[PDB]
Protein chains: 2
Amino acid sequence: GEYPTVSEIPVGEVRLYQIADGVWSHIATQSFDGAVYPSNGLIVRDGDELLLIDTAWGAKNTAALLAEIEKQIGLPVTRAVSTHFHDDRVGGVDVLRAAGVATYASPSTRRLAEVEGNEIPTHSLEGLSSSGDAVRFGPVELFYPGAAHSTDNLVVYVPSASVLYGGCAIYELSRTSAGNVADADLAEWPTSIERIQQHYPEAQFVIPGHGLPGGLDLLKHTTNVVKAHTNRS
Amino acid sequence: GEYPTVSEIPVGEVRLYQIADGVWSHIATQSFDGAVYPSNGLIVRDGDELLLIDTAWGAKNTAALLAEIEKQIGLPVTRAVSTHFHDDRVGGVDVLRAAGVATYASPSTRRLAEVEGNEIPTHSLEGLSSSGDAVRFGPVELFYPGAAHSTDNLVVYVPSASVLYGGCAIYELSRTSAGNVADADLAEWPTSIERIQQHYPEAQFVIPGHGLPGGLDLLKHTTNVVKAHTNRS
Ligand SMILES: O=C(O)c1ccccc1C(=O)c1ccc(F)cc1
Ligand SMILES: O=C(O)c1ccccc1C(=O)c1ccc(F)cc1
Ligand SMILES: [Cl-]
Ligand SMILES: [Cl-]
Ligand SMILES: [Cl-]
Ligand SMILES: [Cl-]
Ligand SMILES: [O-]
Ligand SMILES: [O-]
Ligand SMILES: [Zn+2]
Ligand SMILES: [Zn+2]
Ligand SMILES: [Zn+2]
Ligand SMILES: [Zn+2]
Ligand SMILES: [Zn+2]
Ligand SMILES: [Zn+2]
């Protein structure tokens, strides 16, 4: 159907949106510095199990996420991957672990989460420390495009569905000014986006970390926004 | 909660919240770069008429505001004051004017609105050109504390109810980082806030331009956020 928005999702609730066969986004909302933001993650069917990409931004949301998954899909979440160290990606990992989910992230992400004081995924994703690195993880490919929104941000591609989940390294088209860039590498971000373009030029659905999905034109859009921020005054 | 938040307010709709006898805030929402922000204005009864402080941030919202006022309160809005030149304060002035509301702002605000290509209130408020200047305007006192969020920003005090409307010069507590300060005077903002404290030490209610009301604590909170931003937090 049409993608759910912040005004449709009370804080504490989670919506699912089926993108293709065996692939959903999950959408949640969270209060953040005097505003409410939407936030996307991904769900990918993994045989008779589910692979989860990112938490629902907090413990309460992540418990709600698991309940909504049980209601709409009814298959067990067995593994989760967090795509960088911020709380909209790892906040809720403890809830996932308590539910029996094996939680994963790169050593970079685990390292930074610990420094920040955020929840730490249990298992390490090896083979992703160098820009351009790709590793298979069941029904998806994990890709480290280089530093962008954060130094550790990963993107996730679902080859069966041509779905590219860009996480917070990719902006929705509606967003024409930079988001939180305190941990960003502005100098490298466009270069990292071009790596994504070069590695997944066949992508048909592109899912930003926050907001409305689109196609590959989200990449150049993000670069345009990032470059404009870079040139601020 | 009690005070309404963005989750309780569909975009295009407006809520009224009675603060004290004959004093309400009006709350609306608007999209800003993929996120939704709440926004406050004020309504003050003056006899059998109403004084409006600030639009509801746009033509559609401001129409909804007038309809909600007539539905809930049922007294005519005869005058409106915009507290600075940004769209969330003058956006909807044309709607007000068309509806027979006399619109006001300082000459400074009117000029800046014009340069910005925004809607321009009809009438000019004298006696507010120097920091520390105050004038009575019906049931309120208008106060120019000096440059802060903008060089023209006004604050409004309702002496009958000890209600201080700080507009966007005052941040809500949940806001711990500076917002849009493109037009701000960061150097003078703390000094301007101190003028507010000095003039209205007896204030019991403090309404920020966006978000939850509180007490006079919101002033020093705002000063802390501004000084941190000044020092590149
Ligand atoms: O990804 C973004 O750009 C973004 C967009 C909207 C709101 C917040 C962010 C954000 O960065 C964030 C940082 C830390 C955190 F705990 C949660 C989120
Ligand atoms: O008052 C603020 O700091 C603020 C808070 C939330 C969202 C926007 C703003 C804002 O500055 C704004 C600037 C220009 C404009 F046309 C409308 C609003
Ligand atoms: Cl495990
Ligand atoms: Cl395991
Ligand atoms: Cl008039
Ligand atoms: Cl008149
Ligand atoms: O994020
Ligand atoms: O504003
Ligand atoms: Zn982030
Ligand atoms: Zn394990
Ligand atoms: Zn994010
Ligand atoms: Zn403003
Ligand atoms: Zn007139
Ligand atoms: Zn404002």
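Things worth noting here:
- Cα gyration tensor category, rounded, prolate or oblate, for the range B:126-175 with a/c compared to 1.5: oblate
- Copies compared at B:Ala182 - label distances in nm, ascending, label defined 7 Å from Cα in the Cβ direction: 2.3
- Scaled against the 2.2 N^0.38 Å expected of a compact globular protein of N residues, the Cα radius of gyration of chain A reads 0.92.
- Residues B:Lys60, B:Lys227 arranged by fewest to most Cβ contacts within 10 Å: B:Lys227, B:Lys60
- Between the range A:40-110 and the range B:151-207, the C-alpha centres lie 42 angstrom from each other.
- Scalar couplings 3J(HN,Hα) for the range B:51-59, obtained by applying the Karplus form with A = 6.51, B = -1.76, C = 1.60 to θ = phi - 60°, are 9, 9, 10, 6, 6, 9, 6, x, 4 Hz; x denotes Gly and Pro.
- Inter-label distance for B:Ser129 and A:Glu2, nm, one decimal - labels placed 7 Å from Cα along Cα-to-Cβ: 5.1
- Sorted into 5 angstrom bins from 0, the C-alpha pair distances of the range A:8-130 split as 2, 12, 23, 24, 19, 12, 5, 1, 0 percent.
- Taking 4 °C and 1.567 mPa s as conditions, the protein assembly as shown diffuses translationally at an estimated 55 µm²/s according to Stokes-Einstein applied to its Kirkwood radius (Cα pairs).
- Averaged over the residues of A:174-183, the number of partner chain Cβ atoms lying within 10 Å of the residue Cβ comes to 2.
- Electrostatic dipole magnitude of the protein assembly as shown [Cβ: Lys, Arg +1; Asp, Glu -1; Cα centre; debye, to 20]: 300
- Largest first and in whole Å, the equivalent-ellipsoid semi-axes of the range B:16-69 read 23, 12, 7, each the square root of five times a Cα gyration tensor eigenvalue.
- Note on chain A: GNM, Cα springs under 10 Å; of A:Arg111, A:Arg89, A:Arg45, the largest mean-square fluctuation is that of A:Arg111.
- What separates the B:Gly215 label point from its copies, with the point 7 Å along Cα to Cβ, is 5.8 nm, written shortest first.
- Altogether, the Stokes-Einstein calculation at 25 °C and 0.890 mPa s, with the Kirkwood radius of the range B:70-170 over Cα pairs as Rh, returns a diffusion coefficient of 177 µm²/s.
- Taking 0.36 nm per residue of separation and subtracting the Cα-Cα distance, full extension of the segment from A:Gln198 to A:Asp217 would add 5.5 nm.
- A:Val115 paired with A:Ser174, simple spin-label distance in nm, labels 7 Å along Cα-to-beta-carbon: 3.3
- Magnitude of the charge dipole for the range A:23-136, about its Cα centre and with charges confined to Cβ atoms of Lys, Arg (+1) and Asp, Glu (-1), is about 120 debye.
- The range B:155-196 - Rg and Dmax from Cα coordinates, angstrom: 11.8, 35
Read-outs: derived from the displayed coordinates by stated rules, not from any lab. Cβ coordinates were reconstructed from backbone atoms using ideal geometry, including for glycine residues, and neighbour counts include every protein chain displayed.
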